[PDB]
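A short worksheet on the structure shown next.
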Amino acid sequence: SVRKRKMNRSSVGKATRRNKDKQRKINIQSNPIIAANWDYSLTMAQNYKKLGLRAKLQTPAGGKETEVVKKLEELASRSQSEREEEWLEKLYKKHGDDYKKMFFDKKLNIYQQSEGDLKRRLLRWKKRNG
Amino acid sequence: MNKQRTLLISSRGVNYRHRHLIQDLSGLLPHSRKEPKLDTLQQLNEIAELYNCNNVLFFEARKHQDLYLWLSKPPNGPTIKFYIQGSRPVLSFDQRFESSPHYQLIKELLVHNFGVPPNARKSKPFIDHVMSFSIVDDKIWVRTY
Amino acid sequence: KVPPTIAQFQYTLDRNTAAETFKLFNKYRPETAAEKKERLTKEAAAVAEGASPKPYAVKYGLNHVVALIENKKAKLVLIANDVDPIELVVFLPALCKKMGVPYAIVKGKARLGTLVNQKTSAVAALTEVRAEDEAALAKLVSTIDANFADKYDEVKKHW
Amino acid sequence: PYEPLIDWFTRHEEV
Amino acid sequence: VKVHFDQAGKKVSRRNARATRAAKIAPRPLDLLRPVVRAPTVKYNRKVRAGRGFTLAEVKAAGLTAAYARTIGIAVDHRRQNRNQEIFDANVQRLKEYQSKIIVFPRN
Amino acid sequence: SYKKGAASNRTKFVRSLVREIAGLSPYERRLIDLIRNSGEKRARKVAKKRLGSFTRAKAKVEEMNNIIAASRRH
Amino acid sequence: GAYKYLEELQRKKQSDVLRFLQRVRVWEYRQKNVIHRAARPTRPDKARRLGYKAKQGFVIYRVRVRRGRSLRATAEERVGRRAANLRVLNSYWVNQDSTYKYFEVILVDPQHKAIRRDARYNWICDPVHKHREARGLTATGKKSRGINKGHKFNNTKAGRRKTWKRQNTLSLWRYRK
Amino acid sequence: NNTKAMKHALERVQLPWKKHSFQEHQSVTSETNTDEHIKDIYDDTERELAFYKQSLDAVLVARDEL
RNA sequence: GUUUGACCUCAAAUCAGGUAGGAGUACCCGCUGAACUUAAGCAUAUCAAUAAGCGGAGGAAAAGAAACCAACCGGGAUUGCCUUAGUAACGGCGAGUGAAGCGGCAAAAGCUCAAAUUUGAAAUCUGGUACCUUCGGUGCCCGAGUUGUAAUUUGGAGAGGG
RNA sequence: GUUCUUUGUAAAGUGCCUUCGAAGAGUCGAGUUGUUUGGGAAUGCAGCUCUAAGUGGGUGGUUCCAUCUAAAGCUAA
RNA sequence: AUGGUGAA
Numbered sequence: 003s004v005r006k007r008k009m010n011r012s013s014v015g016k017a018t019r020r021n022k023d024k025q026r027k028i029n030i031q032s033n034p035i036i037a038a039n040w041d042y043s044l045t046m047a048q049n050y051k052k053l054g055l056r057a058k059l060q061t062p063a064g065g066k155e156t157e158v159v160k161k162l163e164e165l166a167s175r176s177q178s179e180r181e182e183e184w185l186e187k188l189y190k191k192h193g194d195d196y197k198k199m200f201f202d203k204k205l206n207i208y209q210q211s212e213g214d215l216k217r218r219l220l221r222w223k224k225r226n227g
Numbered sequence: 028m029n030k031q032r033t034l035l036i037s038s039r040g041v042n043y044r045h046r047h048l049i050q051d052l053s054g055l056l057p058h059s060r061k062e063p064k065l066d067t071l072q073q074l075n076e077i078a079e080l081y082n083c084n085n086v087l088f089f090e091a092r093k094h095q096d097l098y099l100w101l102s103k104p105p106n107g108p109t110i111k112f113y114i115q132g133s134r135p136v137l138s139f140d141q142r143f144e145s146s147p148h149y150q151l152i153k154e155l156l157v158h159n160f161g162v163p164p165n166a167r168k169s170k171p172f173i174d175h176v177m178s179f180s181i182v183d184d185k186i187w188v189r190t191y
Numbered sequence: 070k071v072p073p074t075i076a077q078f079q080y081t082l083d084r085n086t087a088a089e090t091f092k093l094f095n096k097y098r099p100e101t102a103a104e105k106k107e108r109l110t111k112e113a114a115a116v117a118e119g125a126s127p128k129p130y131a132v133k134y135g136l137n138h139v140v141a142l143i144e145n146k147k148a149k150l151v152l153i154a155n156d157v158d159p160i161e162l163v164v165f166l167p168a169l170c171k172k173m174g175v176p177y178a179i180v181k182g183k184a185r186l187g188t189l190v191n192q193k194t195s196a197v198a199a200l201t202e203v204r205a206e207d208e209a210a211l212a213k214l215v216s217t218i219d220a221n222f223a224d225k226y227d228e229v230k231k232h233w
Numbered sequence: 239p240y241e242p243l244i245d246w247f248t249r250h251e252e253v
Numbered sequence: 022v023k024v025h026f027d028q029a030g031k032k033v034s035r036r037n038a039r040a041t042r043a044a045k046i047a048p049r050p051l052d053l054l055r056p057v058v059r060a061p062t063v064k065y066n067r068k069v070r071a072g073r074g075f076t077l078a079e080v081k082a083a084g085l086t087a088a089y090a091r092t093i094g095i096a097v098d099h100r101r102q103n104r105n106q107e108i109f110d111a112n113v114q115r116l117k118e119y120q121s122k123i124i125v126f127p128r129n
Numbered sequence: 027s028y029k030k031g032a033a034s035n036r037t038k039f040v041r042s043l044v045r046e047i048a049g050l051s052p053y054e055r056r057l058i059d060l061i062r063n064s065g066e067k068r069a070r071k072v073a074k075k076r077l078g079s080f081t082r083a084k085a086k087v088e089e090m091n092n093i094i095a096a097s098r099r100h
Numbered sequence: 002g003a004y005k006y007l008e009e010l011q012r013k014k015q016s017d018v019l020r021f022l023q024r025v026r027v028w029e030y031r032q033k034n035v036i037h038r039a040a041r042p043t044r045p046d047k048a049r050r051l052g053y054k055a056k057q058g059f060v061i062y063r064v065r066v067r068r069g096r097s098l099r100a101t102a103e104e105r106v107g108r109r110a111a112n113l114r115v116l117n118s119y120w121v122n123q124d125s126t127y128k129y130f131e132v133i134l135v136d137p138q139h140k141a142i143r144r145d146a147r148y149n150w151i152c153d154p155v156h157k158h159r160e161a162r163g164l165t166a167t168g169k170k171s172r173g174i175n176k177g178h179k180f181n182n183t184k185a186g187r188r189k190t191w192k193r194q195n196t197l198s199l200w201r202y203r204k
Numbered sequence: 196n197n198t199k200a201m202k203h204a205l206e207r208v209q210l211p212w213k214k215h216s217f218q219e220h221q222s223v224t225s226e227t228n229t230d231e232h233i234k235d236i237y238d239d240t241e242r243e244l245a246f247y248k249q250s251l252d253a254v255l256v257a258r259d260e261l
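Quick note, the sequences are listed as chains v, A, G, m, L, i, N and J, same order.
Those letters in the first sequence? Residues 3 to 66, 155 to 167, 175 to 227, by PDB author numbering.
Those letters in the second sequence? Residues 28 to 67, 71 to 115, 132 to 191, by PDB author numbering.
Those letters in the third sequence? Residues 70 to 119, 125 to 233, by PDB author numbering.
Numbering-wise (PDB author numbering), the fourth sequence opens with residue 239 and increments by one.
Numbering-wise (PDB author numbering), the fifth sequence opens with residue 22 and increments by one.
Numbering-wise (PDB author numbering), the sixth sequence opens with residue 27 and increments by one.
Those letters in the seventh sequence? Residues 2 to 69, 96 to 204, by PDB author numbering.
Numbering-wise (PDB author numbering), the eighth sequence opens with residue 196 and increments by one.
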């Protein structure tokens, strides 16, 4: 070429890259339990069957639990606002458990929230207090 | 006394081999009417309500290779399906037509439809060609010379 | 030469009525972006340390308005004649006639903008009103229906 | 060319 | 005049791809669980193949929800329809097993 | 087709509202006159010509009668 | 919700209201330049429904073009050439004279931080969209390229040169077929 | 298919042509030509000539009444 | 008020911030477009929806989530490959031209507007400026914007309420 | 993994019950002049003339039945 | 043929 020639001629130096090992030997990234139980000498599919988990979910074209236990192992192991709570105190100390009167009130129940909405909040507020 | 008008209509999708037959038959017939397009069915009886046409010629469009043609009348006319693979004309017919009502009735229609009534809006006094009607192997053959 | 539904405009509201419209309307100013902000900072100062009623102000988006006419929320409608595409409003005086909503073409598109903190407005409408001015509104309406709707019954005709 | 716009639809107010 | 000299390389291209997609998606299985479908026409109707996606209907009857399905690596096609009762059963059976198979890691 | 297009009260209104606001285009301005003198027969003829298909013109001439009839009486 | 009435108003085009508006503007635009900026898009419904918003960065141009390749395209093509920094988004018809047709083409500043920021649009800032109209990627160019879905567009569905080269060049595998 | 309604169609639709002159009808009914006698129906040889002969002989039946 | 102020429109500046051009061009996208040559002379068929010329991009481009294909116990965005197939189909049925659906695989991913009111509060953004942990955040001011900028919704419905 | 902070009557999801419920026009379409193809149901596009509908509209199959929803947009491999 | 460089 014209442009290629200059480069070999020049004393600038080519932008030499040795990136050909890494296209094959790929490190697993996403999961740490898998990471220690993943033989790189083995292939992708071969590695999966040594585990237990399926690699493919359809019928493949052409032919052919120690780790998976550790995966079920990781599978076994919110509050209310400072004003909202204080506003709930105001309701309970006024009506107690009279939600109907509470729902038709104007001075404390502004945003006209229904009984179900109101009592839900109350049951919650009672759990952090009395 | 013989006063009849022809009407030519075509469905969406007509060219080459079918349009060559439409454009030339509309030209060879002086009482012919050339309309834009149509798509389905009962409406066809209401087209004749406008132009006072006593005849109709409808070309259908189906399976991409075939041909379908419908042929009817204004008031209470019956229909026959077809499947074929400006001088005044003279008609010529066959013995096999008058053998049965299946072909005698089509002989009646083709006389006043495909032919010509004399008192026409584009009628020329001179003669040039003769029409060829005959039946062999259940189907009709048409050529102009 | 003008088709009747265009230049159903240009036959606007008169001087004395117009001012009296704004006499009412300038009473119903929307809060300014400065004012709204300070109000809320006043709230934040208060509500961070230790009730209000719904506030009447006029309504001003073309959308919002075309919503409001046809839904009966609207009482009075003000429509500016000079608009970049006239078509953007030509239907509007008829729509109102059809929903029976009192309308008046006002003169000065900028003049609407005044009463609403904006540059222009094309259309503003007073939906809901204070108790004291309730009567003031309904009378204005009548005034408008006399000097505008009844005076120009032939605005739908004549080129 | 210049017929008066006969308001065939706005004549009747909507309820 | 094109010649596929690459046939060799391209496979070894495609393979590493599958490898890296596997490195990225580690415990998951590369592809989404597709349905089971009866192919069109007289020539083929004897055959049941894979289809594109499970129907919202199939999905709803299996025990899970449209969007959530997508996030559990189930394909969902919305234009496919449910006309064949024998198909419908066969897919819903394939999903419920899938849901017995899956082991879904939490967000903590 | 499940969401075909039920009429809607709002849209119907708007169509008619616009139908009356705009007035009538020149061919239609000719068309209503062609109804009032030469009859529905000759009216459809121009309509079929001026638009594409007869089905278009038929539905058009039917809309014309709805305008003319509702205008003079009501 | 004016855009229902506006829409339906714009349908009735030869009718008396819109008819009179044409003869005014057609004179008014023949006063002004060839290609120029217009303040607010004259048929604003259409502008909305072609992806114009009334925010800083969207720029409407009005363009005039001779009567008798297509018009709508050349309309865009000509404005791109002038207003170089902007991408064309779309265009639409406004007015036809006897000799000239007019289009209100819409444009976006990709360089404006108002469009660089917002999610719904910043796709247009992507350098794969430099001169959309100069590659028939506008709605009109995409139409003239006969790019649709069906039986009708079988010889031109995915590149009309892409389908010619695919057929007119012999292909051979290592283990010949 | 049935021929009961076919004969009902020979009533209303079919117009008389014998009461009127040949001027209005202008249609020659070439009888006795059965044309099933044509040798070679596929290759198309006698089919061209027998149809050509039926056409030109019909001209002279109409020529006398012209 | 024969003053004065709104706006609208047109300007202006060696103001502040930006950006377009040219090169390369194998590939991709448009546009334009022959001739030697093939059937016997040449208007189509044929060289050829080529070469040259013009315009425009990218690491690919283009295409793309049905106004799709089908006639079935239906498929289900797109692109490619194998096949369908030298088939259907067209061609002074001749130089010959020449698909597609299905099927098998490669790869797989879906989504955003315009649409009916935040109207009990334009809830949104550009910029300027002062700081800060600076591919930005914040306050304060300026504008843009109601000829509609945010939230919600895109038919797979969806929204209002309970 | 390690922590520092999470808040506001905040943001959604699911099932049931009730009350509503809008989807792109000088475009589709039609006539004609050219271009494109091997395109027979002028296919596709352009120009020019005219120019629509909402229990709609587009496309296909024997008198119905199936199929999608144009005239806006984005997008890896 | 296309596209170019020259020129009493």
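Where is the CB? At the ideal position from N, CA and C, for every residue including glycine.
> Along the chain, where does the beta strand (DSSP E) that runs through L:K45 open and close?
Replying inline: Here residue 45 of chain L refers to the residue found at position 24 when the fifth sequence is read from its first residue. Where L:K45 is concerned, there is no enclosing beta strand (DSSP E), although the alpha helix (DSSP H) it sits in stretches over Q28 to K45.
> For the stretch 208-221 of chain J, which residues have a CB atom closer than 8 Å to at least one CB atom of chain A, in sequence order?
Replying inline: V208, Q209, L210, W212, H215, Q218, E219, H220 and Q221
> Is the CB of i:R70 under 8 Å away from at least one CB in chain A?
Replying inline: Translated into the one-based positions of the sixth sequence, residue 70 of chain i becomes position 44. Yes, its Cβ sits closer than 8 Å to a Cβ of chain A.
> Straight-line CA distance for L:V24 to v:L53?
Replying inline: In the fifth sequence, the residue the question calls residue 24 of chain L occupies position 3. In the first sequence, the residue the question calls residue 53 of chain v occupies position 51. C-alpha separation (whole angstroms): 41 Å.
> How about G:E104 and N:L22: are their beta carbons less than 8 Å apart?
Replying inline: Within the third sequence, the letter at position 35 stands for residue 104 of chain G. Within the seventh sequence, the letter at position 21 stands for residue 22 of chain N. It is not a contact, given that the beta carbons lie outside the stated cut-off.
>> Looking at the secondary structure, which residues open and close the alpha helix (DSSP H) in which A:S180 lies?
In response: Reading the second sequence from its first residue, position 134 is the one you call residue 180 of chain A. First-last for A:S180: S180 to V182, but that is the beta strand (DSSP E), not the alpha helix (DSSP H).
> With respect to the beta strand (DSSP E) encompassing N:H37, which residues constitute its N-terminal and C-terminal limits?
Replying inline: In the seventh sequence, residue 37 of chain N corresponds to position 36, counting from 1. First-last of the beta strand (DSSP E) with N:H37: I36 to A39.
> Whose CA, out of N:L98, N:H156, N:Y62 and N:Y4, lies closest to the CA of N:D46?
Replying inline: Here the question's residue 46 of chain N lines up with position 45 in the seventh sequence. Comparing Cα-Cα distances from N:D46 to each of N:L98, N:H156, N:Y62 and N:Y4, the minimum goes to N:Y4.
> List, in order along the chain, the chain J residues whose C-beta lies closer than 8 Å to that of A:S138?
Replying inline: As a working mapping, residue 138 of chain A is identified with position 92 in the second sequence. Within 8 Å Cβ-Cβ: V223, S225, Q249, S250 and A253.
> Is the stretch 89-103 of chain G close to the stretch 56-66 of chain i, with three or more CB pairs under 8 Å?
Replying inline: No, because fewer than three Cβ pairs between the stretch 89-103 of chain G and the stretch 56-66 of chain i fall closer than 8 Å, the two stretches do not touch.
>> So with CB distances below 8 Å, who are the chain L contacts of v:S32?
In response: Within the first sequence, the letter at position 30 stands for residue 32 of chain v. Result: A44, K45, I46, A47 and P48.
> For the candidate residues J:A200, J:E260 and J:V208, whose alpha-carbon lies nearest to that of A:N106?
Replying inline: Counting from one through the second sequence, the residue named residue 106 of chain A turns up at place 76. Ranked by Cα distance from A:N106, the options J:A200, J:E260 and J:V208 are led by J:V208.
>> Report the start-end ranges of each alpha helix (DSSP H) in the stretch 9-50 of chain v that is 4 residues or longer and not cut off at the edges.
In response: 34-37
> With which residues is N:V64 paired in a DSSP beta bridge?
Replying inline: Along the seventh sequence, read from residue 1 onward, the residue named residue 64 of chain N stands at position 63. BP columns for N:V64 point to N:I36 and N:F130.
> How would you list, in chain order, the residues of chain G whose beta-carbon sits under 7 Å from the beta-carbon of N:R41?
Replying inline: Mapped onto the seventh sequence, residue 41 of chain N falls at position 40. Ordered by position in chain G, the residues that pass the 7 Å Cβ test against N:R41 are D158.
> Going by alpha carbons, who is nearest to L:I93 out of L:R59, L:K32, L:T62 and L:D52?
Replying inline: Stepping through the fifth sequence from its first residue, residue 93 of chain L is reached at position 72. Minimum Cα distance to L:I93 is reached at L:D52.
>> According to DSSP, is A:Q150 part of a helix, a strand, or is it coil?
In response: For the purposes of this step, residue 150 of chain A is identified with residue 104 of the second sequence, where counting begins at 1. Note: A:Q150 maps to helix in three-state DSSP.
> Quick one: is N:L116 near chain L, going by C-beta distance under 8 Å?
Replying inline: As a first step, residue 116 of chain N must be located in the seventh sequence, where it is residue number 89. With 8 Å as the cut-off, N:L116 does not count as an interface residue toward chain L.
>> Within 8 Å of any Cβ in chain N, is that where the Cβ of i:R41 sits?
In response: For the purposes of this step, residue 41 of chain i is taken as the residue at position 15 of the sixth sequence. Closer than 8 Å: yes.
>> Per DSSP, what are the beta-bridge partners of L:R70 in this structure?
In response: As a working note, residue 70 of chain L is residue 49 in the fifth sequence. Paired residues: L:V58.
>> For G:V180, tell me which candidate among G:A125, G:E118, G:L150 and G:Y130 has the shortest Cα-Cα distance.
In response: Stepping through the third sequence from its first residue, residue 180 of chain G is reached at position 106. Residue G:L150 is the option with its Cα nearest to G:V180.
> Who pairs with N:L199 in a beta bridge, going by DSSP?
Replying inline: On the seventh sequence, residue 199 of chain N is found 172 positions in, with the first residue counted as 1. Looking at the DSSP assignment, N:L199 forms a beta bridge with L:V24.
> With which residues is N:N122 paired in a DSSP beta bridge?
Replying inline: Walking along the seventh sequence from the start, residue 122 of chain N turns up at place 95. Bridge partners of N:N122: N:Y129.
> Which whole-angstrom value describes the C-beta separation of N:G58 and N:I133, a residue pair presumed to lie in contact below a C-beta threshold of 8 Å?
Replying inline: Working through the seventh sequence from its first residue, we reach residue 58 of chain N at position 57. Working through the seventh sequence from its first residue, we reach residue 133 of chain N at position 106. No, N:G58 and N:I133 are not in contact; Cβ-Cβ is about 11 Å, not under 8 Å.
>> Would the stretch 100-120 of chain L count as touching the stretch 74-81 of chain L if we require 3 or more Cβ pairs under 8 Å?
In response: yes
> When the Cβ atoms of the stretch 155-173 of chain G are set against those of the stretch 181-199 of chain G, are three or more pairs found closer than 8 Å?
Replying inline: Segments in contact, yes.
> So A:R60 packs on A:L35, CB below 8 Å; how close in whole Å?
Replying inline: If you number the second sequence from 1, residue 60 of chain A lands on position 33. If you number the second sequence from 1, residue 35 of chain A lands on position 8. Going by Cβ atoms, the distance from A:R60 to A:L35 rounds to 6 Å, so yes, they are a contact pair.
> In chain i, which residues lie less than 8 Å from A:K64 when you measure between Cβ atoms?
Replying inline: Translated into the one-based positions of the second sequence, residue 64 of chain A becomes position 37. By Cβ distance, chain i contributes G78 and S79.
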